[PDB]
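Colleague: Below you'll find the structure I mean.
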Amino acid sequence: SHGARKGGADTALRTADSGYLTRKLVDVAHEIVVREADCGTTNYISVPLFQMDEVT
Amino acid sequence: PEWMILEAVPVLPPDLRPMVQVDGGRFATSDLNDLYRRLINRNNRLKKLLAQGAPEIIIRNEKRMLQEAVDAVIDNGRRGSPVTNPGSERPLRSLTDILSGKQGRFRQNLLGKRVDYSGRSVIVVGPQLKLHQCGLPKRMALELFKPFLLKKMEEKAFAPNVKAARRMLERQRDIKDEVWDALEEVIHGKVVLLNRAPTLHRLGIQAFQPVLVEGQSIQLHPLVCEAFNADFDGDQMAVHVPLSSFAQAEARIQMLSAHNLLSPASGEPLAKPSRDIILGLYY
Amino acid sequence: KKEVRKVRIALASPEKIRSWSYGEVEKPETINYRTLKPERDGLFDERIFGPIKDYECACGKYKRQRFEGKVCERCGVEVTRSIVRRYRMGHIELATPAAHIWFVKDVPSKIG
Amino acid sequence: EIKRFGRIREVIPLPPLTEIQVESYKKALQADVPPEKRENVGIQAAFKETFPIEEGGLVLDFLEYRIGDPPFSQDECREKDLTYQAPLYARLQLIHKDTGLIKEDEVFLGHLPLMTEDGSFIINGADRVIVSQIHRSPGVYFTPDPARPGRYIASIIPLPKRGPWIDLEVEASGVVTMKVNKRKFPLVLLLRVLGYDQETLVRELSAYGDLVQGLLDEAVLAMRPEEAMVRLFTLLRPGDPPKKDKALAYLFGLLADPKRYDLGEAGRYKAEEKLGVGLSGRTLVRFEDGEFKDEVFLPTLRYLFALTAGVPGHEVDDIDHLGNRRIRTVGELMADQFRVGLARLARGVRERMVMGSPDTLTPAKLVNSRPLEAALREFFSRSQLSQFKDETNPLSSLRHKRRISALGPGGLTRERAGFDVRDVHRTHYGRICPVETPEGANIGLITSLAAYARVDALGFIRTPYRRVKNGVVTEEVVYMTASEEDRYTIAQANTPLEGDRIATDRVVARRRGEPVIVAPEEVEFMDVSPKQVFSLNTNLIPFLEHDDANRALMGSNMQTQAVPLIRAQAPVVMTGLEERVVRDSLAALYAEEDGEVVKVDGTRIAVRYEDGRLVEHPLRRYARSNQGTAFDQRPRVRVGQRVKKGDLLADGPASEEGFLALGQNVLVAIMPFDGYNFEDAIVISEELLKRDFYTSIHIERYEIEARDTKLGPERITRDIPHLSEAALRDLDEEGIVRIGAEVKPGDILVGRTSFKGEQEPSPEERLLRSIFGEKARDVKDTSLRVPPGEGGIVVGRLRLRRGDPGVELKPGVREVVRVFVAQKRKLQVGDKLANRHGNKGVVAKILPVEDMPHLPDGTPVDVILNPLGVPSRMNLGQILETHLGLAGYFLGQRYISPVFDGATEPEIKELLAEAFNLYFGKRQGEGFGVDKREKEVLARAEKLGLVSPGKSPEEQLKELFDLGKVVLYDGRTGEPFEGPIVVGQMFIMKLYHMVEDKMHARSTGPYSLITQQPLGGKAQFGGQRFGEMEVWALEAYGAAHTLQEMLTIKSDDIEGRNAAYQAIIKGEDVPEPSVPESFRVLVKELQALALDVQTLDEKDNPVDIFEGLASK
Amino acid sequence: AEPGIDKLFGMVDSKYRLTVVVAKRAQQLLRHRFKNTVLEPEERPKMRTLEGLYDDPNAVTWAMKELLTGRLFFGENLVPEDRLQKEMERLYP
Amino acid sequence: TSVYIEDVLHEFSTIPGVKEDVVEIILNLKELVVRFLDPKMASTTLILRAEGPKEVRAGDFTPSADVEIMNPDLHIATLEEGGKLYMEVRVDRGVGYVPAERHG
Amino acid sequence: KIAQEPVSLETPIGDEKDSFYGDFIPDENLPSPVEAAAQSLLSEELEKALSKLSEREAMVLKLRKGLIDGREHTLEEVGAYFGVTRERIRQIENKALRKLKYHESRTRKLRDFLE
Amino acid sequence: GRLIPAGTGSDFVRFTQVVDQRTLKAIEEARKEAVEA
DNA sequence: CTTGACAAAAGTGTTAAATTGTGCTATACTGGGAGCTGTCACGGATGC
DNA sequence: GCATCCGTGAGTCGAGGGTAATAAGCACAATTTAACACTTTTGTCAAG
RNA sequence: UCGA
Ligand SMILES: [Mg+2]
Ligand SMILES: [Zn+2]
């Protein structure tokens, strides 16, 4: 019960911080909507399929 | 910039800061009224002893009091100990107090609102339901659809006009079979939104076809119960009805639980075999 | 009669507040303890903010929607829908001009 | 019959549970205690401290207080809505100092609410209760420096509001500073007025070596107390010129004044023994001879420097430690408000003395009601610790009274709640239940008093522990506080008791909360019973060791949500504590002496006792409560028979025979059924509704007031101008609903007639009045009609009109009528259900008795729960409850399995073995044999290895039976299930929440006055609120007109909801809205701040959103 | 689900365009009360009721089944909104 | 089907000299089996008068034509000294299970 | 009764610090959406049932009850512009009233609105 | 409380038109009615 | 529909009865008062 | 730049239960409002 | 202060 009930309290607080992050994410990215079919940019980025395992 | 130092102080209309007596012979009023009251009081007294040619000390002090009163009307508690009604701890809520805050006019009375044509209740499993179907309690559904049912009772004989059918439904709940069928005559083809709080994923609200059924409980399909995060320990879910054909179109098309299958988050399926189903199909 | 796509927020001059104001509320009273009617200069006064009853004038000389908008000769109220008491604002003229506390105590104080 | 398991026998019974309410309230009462011998603490403490009053001069002195008899009985106070209280007549004396005029006249103070037998106050007619509080005890404390990695920091703290927190933290430049109420100053300028000069400071300061110079300053070590008294006064309070008498009359109060500084008895005492010193009063310093002394700062600096010198015995003590934390009991809080109120009155005397006629004024003119009576009235009503009693069942209140909260005034708030208060300290143990607590944001904030846990007058909690001398159990039981316990080494109640001596050489024991294997020698103590480690409800859960802490918490918390059932039955397998429960709850009627029953009479149970005098006990049968749950006492005694003292006569709502009964024992089958039990859902046999199982009874209060309006008065009558005859039916004469009538929603309980405020009917309305000629009379119908979603018969009617005896009605109000409406609620579809093991669910589609997964005997199962919830929840207590119940159904005997003492797998399997041996016996004996379907199941059961192959189907079905599994036939088909299904008797509870209440909906109705939005909730009959995140969801779907409608048409829009309603009524499509309302309200609100907010179009030109209203 | 929803989603780029189409068309069907429909007798969506089987009063469904045939036409700024309502409310009462 | 007592306004209100309350007796009222000897009889009424210190039962009712009780040992309610009771019921024949709330 | 003072709408509620007072107060001083269509339906159905009366008497009724200029017209005035005597106007509106009373008992459309 | 910039209220899809064959050809014929006017 | 005679409804003027606003009290009174703690993270203005 | 102080937040819908508290006092002018005597319309009746 |  020592650590268990503690974990209960943990989830309890983090569930409160969840909305804290959520509502702000909404309040920032809200204006984002698909507008143009194509923005018409040459700009891009890559996506490495390989991740380095450190110390290995 | 000199407008920041204000001469004429704007006063909010009576219905915005109401004072009205409730049942029992009581009286109720806004704090903004008391704030304004003390303000104008100090102001008039000020003018009085000012034009009178009173000593500079008292005049100046009165000016200060006028400043802090104006502040009490604008933003209360922004400087020094907030003004409270005599005997009570609770500070008087001013303009700024009303605007800003968790319960402020934006976060409370603007960015979300209480709406007509809606209700809620406890949820129960849907094993007979197919997807877009949902059990909607008879009682709840009738009073929910009352404006529509009135029209369908208008067309379908039984009472001559709207008011007739209205009074017929209100007093004396006979609920003759005629109205049970007429209700379905205005129901079928239209779907109502079902919501489960908290609303996190957009899937927290899904369009479901109302099915008139006994009991006061709301039946929900077991598959989408995963998306809603809901279970039945006695969880409760909301129901709203889209009015205009436009809103109904949006509902039935893109808000439909059947038309939303994959998870908008991961792109992978959202409502899939869960719990029991998996167990049997495994066995 | 026109689409509204734009909303501006700016400072309001004292003259603007004067323009909004239908009168200066002086008497720091609400309603008489008996009549429960808005006091003469009181914060609820009908003679400025408008009638409590729709189209029914304060004193009661004008009543219906027939005569509309015309201020009466007794109480001085206007005959119009009772809804106006929601949208009609007054003003209080200060002897010594005071400051809006927002600009004073704002983090980057604007006056300062 | 009955049966009980377990070895360990409690050597002490559980002391009365209600005591911590009543007894601790008694010490602050001293009602039957003579005015002479009164303890001086509690009520007298708040008295003696507020006296005398001195300010040609006068001194008012205290004598005593009279305890008044209650003006009304506990019953009457409810019906009248009067607080249950009693006049307190205070005795004092007015003494002229110089005049030598001694005038002694006893006076009156006010009314002080008393406590009932169960420990519940009655405020405003509706009985409420005061929960206990928890905060760290006063005195001095020593913690490691939060900032400094080096030495530590001490602290000094009094009772709440009873003095400033005095902190001293050595700053590291090497120097020292002291912080009290946000400020800084060395200790060097403190002790000047404490009797320690330059030399007196540096004497034994060198015992700690390097710490001397910490306190030295040559600037202030020159000057003497009167010179340096004003010095610190220019610092802490520079709100007035630094006068020499101004530091004399100010700083004196913060310490030497016993009033504005009161350090708790517990604080004074504990800090006295922990500092290795002593203290006279409750103050920090003494004021004598114009200078001051020091009993406090010297020892606390002594100990701080000690601990920082690393000397053994002087060390940091834990903050959340239960030895460092005390409890605020009801009486303590009572005195706590009493004293401040009496202080407000104490200054009510001051200004009363300085005016009028100083020559002759009796103390009658010097004493007032208000500064006390209002202070008491403010407490019981509005204090966070004082709230509605839980009447949902006897155990509900019984537990409610034993709860401990760190919240409320004097406590903490959710904003500041950390993992420290939420956690269970190592020393909690048998003092505080580690599990029971809300699952909300209140986790660990509201706990419950553990079973054997007791709180002394000092606030420290202690648990019973039997001492042991050289592996020999001593029958002497000791109550040891947290630190006391921390000293010794306590063994376990489950230790190998060999008959008063220790058996094995490995004994489970701990120190401070640190489990260790200890020899039979070193053990000085052992706990009485493991039950002490858990609270009531938690202790009411059998096989608790097999359930996870979460689900156990949930179950024990749910036992409070329990509702009384008409046929309610005691649990088959219970911990055996249910006996004392219904007793200490005082909900049942027992025998006071050894009597004989003269008559049953389910109103009056009359018994003549051995003393020869007949004492009859009346019954409360079918009466209301706070939760609507009916309070019913069913007489269990025959027309005559002998009754020993303590033996039960009547019953209680949750009581069967004197055992606590929440729900009923039913037959559960663990197996998925047609996806209906999906996700912890519940199916139920229809046969329940026929047997009236899980059927409850609930009543509700409905009150109505007729006042005198400005337009004119009101009255309660049967006469209404437009009413139809058929509705007036059940109203007899005066216009009230008669007893046992039928009231459907919409029907009128009580008629009210009020003169309407008028004006005139509209022209169309007026012409309509002309057609029928019907005149609308002045007075119209205000009648109270029973709200929708509820209704039923009427068990009672309460009529109170002003001018009647014994009843004073509120000013300007003529009549008040209160009807009791009772309903019999039978278990419905979607109703909450649970067991003691923390398994929840609602009712999903009650299935006909026809089709049920029955057994060979043809007896259908009552529930059929879903196994899926079991492994996740990790509660096996329901599995074992079912296993024991399976044997209990046959053997016909209940079982008692205490927490952490009781039945084991072999024993239970034996019970099932016997039960099967009888069952199969009835089978073969009735002229039957093994069913072919049974063979069909036994085959595959044998193939999967569930039963040993080669054995006859007798032995196979036997090996299957004791496993808990049996053969089940599907009622729908009649062919069995492909595998065995564990079934049996499980005790299942019907929870508070029901669909009949929680259901609601709205089309059109009430709107807020401020903004035109509706009013959320069933009460106001409003619509649901659309949350910000619901809005977000709608935005995510990209439904424009849905969200638009939500924000306008159906919510605050003026003509939106109207024109919409008309469009739907006329069969059209609702037009598009214009003005949100509350947006416009927002605009004008902004304008009140002198913010000019204009709505332009596309070209930056102003558009009127107010539609030509305020344009001027 | 709504029969032909995959096809309907396939009929236009954005699903929102489809929604707008169905909405406006259902509106039109409500204005003239089904007498403007492009559907033949066997094509008329029918709701079965104990009293009798009649044409489904729901306009949205009617719009769905309508566009399913593709006998309708849609696009941005197709025709002037002016004459759009003048010859619309004319042809049908 | 249904019952009536002169001292009873509902399923709650207590009868003098009776241990069992109304609905507590009603609990045992539906547990009574009454056979109709007449195939054409859709309705009947049973009469009971029990006073003094006697324990009533099924066999204590007023016997009538075309009706008999298979369990006279079914306990109705205990009555103390002086307790007097007048009861009348009405019995109908039907199929399945119909709740009290469903039938008028 | 006069002694007591009004109660603030900002009054908190119970244990919940968030719950206010004034949000519990309904607005009855503004027409409910049902009342709009109610008064509409009345003013309509009445006008429909009015057309069955003589061109004079039908006008006289709404002139008497103020459905025209919003004000009552005394018999003297209703007769002044019609040239008829006050007594005539009286008998006219009585007769017309009962002639309405015939149709109303039949249709039962306006037999509602009985409050 | 206005139409949300996104969704079906997007300025992209909110200008969509809907016409049935007969009416479409009616207004289509109405074009040549103005060439003689 | 009309003419005259009349009760009741509604008007209009003067007055009795309340309700409401204003003023003054001269022995000498000459700087208030209540305090409340067991957050927490961060971001900016301000001070060393 | 580097410690400190002030300012702003902090989850979603519900369920309920709700409301305490006045120590200046009297004399008189100023209106306001209830009282009341009698007038002019307004509504209703009878007979034409 | 409880329900999810
Ligand atoms: Mg849940
Ligand atoms: Zn006027």
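We label chains A, B, ... in the order they appear in the structure tokens, count residues from 1 in each chain, and number ligands from 1 in the order shown.
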Using only C-alpha atoms (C1' of nucleotides) and all ligand atoms, find each protein or nucleic acid residue lying at most 6 Å from ligand 2; present the set as JSON, numbers by chain.
Modeller: {"C": [57, 58, 59, 60, 61, 62, 72, 74, 75, 76, 77]}
Colleague: Residues within 12 Å of ligand 1, counting only C-alpha atoms (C1' of nucleotides) and all ligand atoms: report them as JSON, numbers by chain.
Modeller: {"B": [122, 123, 124, 196, 197, 198, 225, 226, 228, 229, 230, 231, 232, 233, 234, 235, 236, 237], "D": [679, 680, 681, 832, 839, 840, 841, 842], "K": [3, 4]}
Colleague: With a cut-off of 12 Å, could you pull out the residues of region 158-225 of chain B touching region 41-58 of chain E and give me the nearest pair of atoms for each, distance in Å to one decimal, using only C-alpha atoms, ordered by chain and ascending number, as a Markdown table?
Modeller:
| residue | atom | partner | partner_atom | distance |
| --- | --- | --- | --- | --- |
| B:177 | CA | E:50 | CA | 11.4 |
| B:178 | CA | E:51 | CA | 10.1 |
| B:180 | CA | E:50 | CA | 11.7 |
| B:181 | CA | E:49 | CA | 8.3 |
| B:182 | CA | E:49 | CA | 9.9 |
| B:183 | CA | E:49 | CA | 11.8 |
| B:184 | CA | E:49 | CA | 9.0 |
| B:185 | CA | E:57 | CA | 7.6 |
| B:186 | CA | E:57 | CA | 7.4 |
| B:187 | CA | E:58 | CA | 8.3 |
| B:188 | CA | E:58 | CA | 7.2 |
| B:189 | CA | E:58 | CA | 5.5 |
| B:190 | CA | E:58 | CA | 7.0 |
| B:191 | CA | E:58 | CA | 10.7 |
Colleague: Set the distance at 8 Å and use only C-alpha atoms (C1' of nucleotides): which residues neighbour region 15-26 of chain H once local chain neighbours fewer than 3 positions away are removed? I'd like the list as a list in words.
Modeller: residues 17, 20, 21, 24, 25, 36, 37, 38, 71, 72, 73, 74, 75, 76, 77, 78, 79, 87, 88 and 91 of chain E; 11, 12, 29 and 30 of chain H
Colleague: With C-alpha atoms retained, export the selected residues as an mmCIF file, in the first residue's frame.
Modeller:
data_model
loop_
_atom_site.group_PDB
_atom_site.id
_atom_site.type_symbol
_atom_site.label_atom_id
_atom_site.label_comp_id
_atom_site.auth_asym_id
_atom_site.auth_seq_id
_atom_site.Cartn_x
_atom_site.Cartn_y
_atom_site.Cartn_z
ATOM 1 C CA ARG E 17 -17.538 19.241 -50.221
ATOM 2 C CA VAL E 20 -22.028 20.674 -48.288
ATOM 3 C CA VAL E 21 -23.606 19.095 -51.378
ATOM 4 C CA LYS E 24 -27.820 22.026 -49.750
ATOM 5 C CA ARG E 25 -29.607 19.365 -51.802
ATOM 6 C CA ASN E 36 -38.074 18.527 -57.182
ATOM 7 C CA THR E 37 -36.494 15.076 -56.857
ATOM 8 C CA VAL E 38 -34.513 13.399 -59.641
ATOM 9 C CA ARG E 71 -28.018 12.785 -62.011
ATOM 10 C CA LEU E 72 -27.303 16.000 -60.099
ATOM 11 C CA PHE E 73 -24.592 18.583 -60.783
ATOM 12 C CA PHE E 74 -22.209 20.428 -58.460
ATOM 13 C CA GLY E 75 -19.273 22.842 -58.394
ATOM 14 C CA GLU E 76 -17.968 26.215 -57.222
ATOM 15 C CA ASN E 77 -19.643 29.254 -58.802
ATOM 16 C CA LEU E 78 -21.571 27.033 -61.213
ATOM 17 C CA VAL E 79 -24.437 29.449 -61.856
ATOM 18 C CA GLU E 87 -36.394 29.665 -61.337
ATOM 19 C CA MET E 88 -36.190 27.244 -58.410
ATOM 20 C CA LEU E 91 -40.968 25.516 -61.075
ATOM 21 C CA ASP H 11 -14.149 28.800 -47.847
ATOM 22 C CA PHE H 12 -12.977 26.058 -50.207
ATOM 23 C CA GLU H 29 -32.262 28.443 -70.994
ATOM 24 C CA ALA H 30 -32.685 31.662 -69.009
#
Colleague: Using Å and a single decimal, report how far CA of residue 718 (chain D) sits from CA of residue 732 (chain D).
Modeller: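 Between CA of residue 732 (chain D) and CA of residue 718 (chain D) the gap works out to 8.5 Å.
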Colleague: Mind giving me the straight-line distance from CA of residue 3 (chain F) to CA of residue 631 (chain D) in Å, one decimal?
Modeller: 24.6 Å
Colleague: Hey, what's within 10 Å of residue 34 (chain B) if we count only C-alpha atoms (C1' of nucleotides) and toss same-chain stuff fewer than 4 positions away? As a list in words, please?
Modeller: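 Selected residues are residues 29, 30, 38, 39, 40, 73, 85, 92 and 94 of chain B; 28, 29, 30 and 43 of chain C; 8 of chain G.
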Colleague: Using only N, CA, C and O atoms, please write the residues we just selected to a file, as a compact mmCIF listing (two decimals), in the first residue's frame.
Modeller:
# COMPACT_ATOMS: atom_id res chain seq x y z
N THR B 29 -28.40 40.36 -5.91
CA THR B 29 -27.78 41.41 -6.71
C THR B 29 -26.31 41.13 -7.00
O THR B 29 -25.67 40.34 -6.31
N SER B 30 -25.78 41.79 -8.03
CA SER B 30 -24.38 41.64 -8.41
C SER B 30 -23.47 42.48 -7.53
O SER B 30 -23.89 43.49 -6.96
N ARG B 38 -20.16 52.37 -4.17
CA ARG B 38 -19.13 52.99 -3.34
C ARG B 38 -18.31 54.00 -4.14
O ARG B 38 -18.00 55.10 -3.64
N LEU B 39 -17.98 53.64 -5.38
CA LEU B 39 -17.28 54.55 -6.29
C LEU B 39 -17.98 55.90 -6.41
O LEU B 39 -17.42 56.94 -6.04
N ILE B 40 -19.20 55.89 -6.94
CA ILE B 40 -19.97 57.11 -7.16
C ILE B 40 -20.21 57.86 -5.86
O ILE B 40 -20.24 59.09 -5.84
N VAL B 73 -13.44 48.94 -9.12
CA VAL B 73 -14.41 48.68 -10.18
C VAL B 73 -13.76 48.03 -11.40
O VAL B 73 -14.36 47.16 -12.04
N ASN B 85 -17.46 42.47 0.92
CA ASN B 85 -18.67 42.87 1.62
C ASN B 85 -18.47 42.72 3.12
O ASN B 85 -17.85 41.75 3.57
N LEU B 92 -15.28 41.21 -3.91
CA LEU B 92 -16.26 41.60 -4.92
C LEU B 92 -15.68 41.40 -6.31
O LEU B 92 -14.61 41.93 -6.63
N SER B 94 -15.15 42.14 -9.95
CA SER B 94 -15.26 43.31 -10.81
C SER B 94 -15.24 42.90 -12.28
O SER B 94 -15.32 41.72 -12.61
N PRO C 28 -26.20 56.93 -5.48
CA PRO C 28 -25.69 55.58 -5.23
C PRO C 28 -26.76 54.72 -4.57
O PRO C 28 -26.55 54.16 -3.49
N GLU C 29 -27.92 54.62 -5.22
CA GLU C 29 -29.02 53.82 -4.72
C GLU C 29 -29.41 52.81 -5.78
O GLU C 29 -29.08 52.97 -6.96
N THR C 30 -30.11 51.76 -5.37
CA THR C 30 -30.59 50.76 -6.31
C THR C 30 -32.06 50.98 -6.59
O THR C 30 -32.44 51.48 -7.65
N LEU C 43 -28.63 53.41 -10.07
CA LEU C 43 -27.94 52.58 -11.06
C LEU C 43 -28.88 51.79 -11.97
O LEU C 43 -28.47 51.32 -13.03
N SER G 8 -25.53 38.57 -2.63
CA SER G 8 -24.67 38.62 -3.80
C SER G 8 -24.78 37.36 -4.67
O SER G 8 -24.92 36.25 -4.16
